[PDB]
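**Q** got a sequence here, can you build the structure:
(one chain, ligands or ions: 1)
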Amino acid sequence: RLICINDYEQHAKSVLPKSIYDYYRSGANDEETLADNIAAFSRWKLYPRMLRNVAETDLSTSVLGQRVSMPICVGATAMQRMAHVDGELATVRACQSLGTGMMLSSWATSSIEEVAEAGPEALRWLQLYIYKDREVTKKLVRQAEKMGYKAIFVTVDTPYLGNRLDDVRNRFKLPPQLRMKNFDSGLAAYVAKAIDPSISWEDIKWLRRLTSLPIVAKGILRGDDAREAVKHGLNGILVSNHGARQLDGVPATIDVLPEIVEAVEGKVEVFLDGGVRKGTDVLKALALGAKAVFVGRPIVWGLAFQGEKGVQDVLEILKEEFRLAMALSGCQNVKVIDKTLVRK
Ligand SMILES: Cc1cc2c(cc1C)N(C[C@H](O)[C@H](O)[C@H](O)COP(=O)(O)O)c1[nH]c(=O)[nH]c(=O)c1N2
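**A** Numbering: from 1, shown residues only. Dropping the coordinates below:
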């Protein structure tokens, strides 16, 4: 049956209710960037080296000083219990099995503590939204610290929610039994009520003082903003267009990655998300200077198939595709994945 990530999406469409599948699938507005996040990867071509000896391929690397089994991590996707009863608990259990990290959404259908308890040995980070209520925001950070999370990914591209047309048509909301467990389109209205449109670099200063945990700015698309993040003492940049769900018509993340890598001058790690579906996508992102990539939608499709097992299957497929791509490219380990491997 399911042998690549595209197969998992197709299966998910057949088993999920339309409103739930559309919530997960959709981009903003006409979905121009959604298509481009995938198409852009295909424009970057590979220039493999032969006869390098790839008998022993080592996929391991590090994210903010913590070892991972591969440069492929789970990105924050809200409300995972819509896809499978076990939701974020299934996800964290799979990450623990694989030896990779899970970024937990602030809008999760499972708590910061429920997830630490299900995956005590897993590498775990918290994705933070800055709520109008700074006390709520502090509590989330403090819980992350107490429960053994290793970094804060602060999302900086969402002063308001993007306009996803299917969610408006469907009047999207949670199924009746579910809740965000740490507290038109229903989600757009929620954001308007809860999330602060005023946040500025001064609020990053506040956050930097609040915690000693590593902080990564998630959603940066400009080199000038990346340099400002470095100036504020942040510890990484996640080059992201929010899975094409915020401003439509921004570039693909693979296309802006080189500008951002250049701008930070090696001072902090740079990551990527948006459109990663294949092992060659991962290879391309590393050749252009990313330390690791995050996957969003593929994880939700794993859940929709078979919960924990379906997430593990998706991560295993990406791991094996990546291993093969490295080997066929002449790369024994991630340290030798260089810029001459790709051209646009
Ligand atoms: C259904 C769904 C739900 C969320 C997201 C995305 C999607 C598709 N994303 C953005 C996410 O972290 C990531 O940037 C993208 O999913 C990456 O793109 P791909 O889905 O892998 O193409 C997201 N980001 C975030 O900071 N907080 C959140 O709660 C969510 N929730």
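**Q** okay, now the residue of the chain found nearest the ligand: neighbour count?
**A** Taking Cβ to the nearest ligand atom as the measure, the chain has residue 296 as its residue closest to the ligand, at 2.0 Å. The C-beta positions use only the backbone N, C-alpha and C, and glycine is treated the same way. If you count neighbours by other Cβ atoms under 10 Å, residue 296 ends up with 20.
**Q** what's the closest non-adjacent residue to it?
**A** With Cβ to Cβ, 6 or more residues apart in numbering as the criterion, residue 296 has its nearest non-adjacent residue at 4.4 Å, and that residue is residue 75.
**Q** quick one: residues contacting that neighbour.
**A** Contacts for residue 75 (Cβ atoms under 8 Å, 6 or more residues apart in numbering) come out as 103, 273, 294, 295, 296, 299.
**Q** and residue 139, how far is that from residue 107?
**A** Noted for residue 139: a distance of 15 Å to residue 107, by Cβ to Cβ, to the nearest Å.
**Q** with residue 32 instead?
**A** From residue 32 over to residue 107 (counting by Cβ to Cβ), the distance is 25 Å.
**Q** same thing with residue 175?
**A** Residue 175 sits 15 Å away from residue 107, going by Cβ to Cβ.
**Q** can you check residue 275 too?
**A** Counting by Cβ to Cβ, the gap between residue 275 and residue 107 amounts to 22 Å.
**Q** who's more crowded, these two?
**A** More neighbours surround residue 275 than the other of residue 275 and residue 107, with 28 against 20 (other Cβ under 10 Å).
**Q** pretty sure that one is in a strand, no?
**A** No: read with DSSP: H, G, I helix; E, B strand; the rest coil, residue 275 is coil and lies in no strand.
**Q** contacting residues around it?
**A** 37, 38, 40, 41, 252, 253, 254, 281.
**Q** which parts of the stretch 101-250 of the chain are strands?
**A** For the stretch 101-250 of the chain, the strands defined by DSSP state E, counting those that start in this stretch cover 101-104, 123-128, 152-155, 215-220, 236-239.
**Q** so the last one, near the ligand or not?
**A** Right, strand 236-239. No: applying Cβ under 6 Å from any ligand atom, one finds strand 236-239 separated from the ligand by no less than 7.7 Å.
**Q** next secondary structure element downstream of the biggest helix by length in the chain?
**A** Longest helix in the chain by number of residues (criterion: DSSP state H): helix 297-329. Next along the chain after helix 297-329, taking DSSP states H and E as the criterion, comes strand 342-343.
**Q** what pairs with that next one, and is each one parallel or antiparallel?
**A** Partners of strand 342-343 in the sheet, by DSSP bridges, are strand 45-46 (antiparallel).
**Q** put the alpha carbons of the helix or strand harbouring residue 284 into PDB.
**A** Secondary-structure element containing residue 284, defined by DSSP H and E: helix 279-287. Presented in PDB, the C-alpha positions along helix 279-287 are these (Å, rounded to 0.1, in the frame of the first residue of the first chain):
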ATOM      1  CA  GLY A 279      14.700  12.600   0.900                       C
ATOM      2  CA  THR A 280      16.100  14.700  -2.000                       C
ATOM      3  CA  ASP A 281      14.300  17.800  -0.500                       C
ATOM      4  CA  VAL A 282      16.200  17.200   2.700                       C
ATOM      5  CA  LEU A 283      19.500  16.900   0.800                       C
ATOM      6  CA  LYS A 284      18.900  20.100  -1.100                       C
ATOM      7  CA  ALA A 285      18.100  22.100   2.000                       C
ATOM      8  CA  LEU A 286      21.300  20.800   3.700                       C
ATOM      9  CA  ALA A 287      23.500  21.600   0.600                       C
END
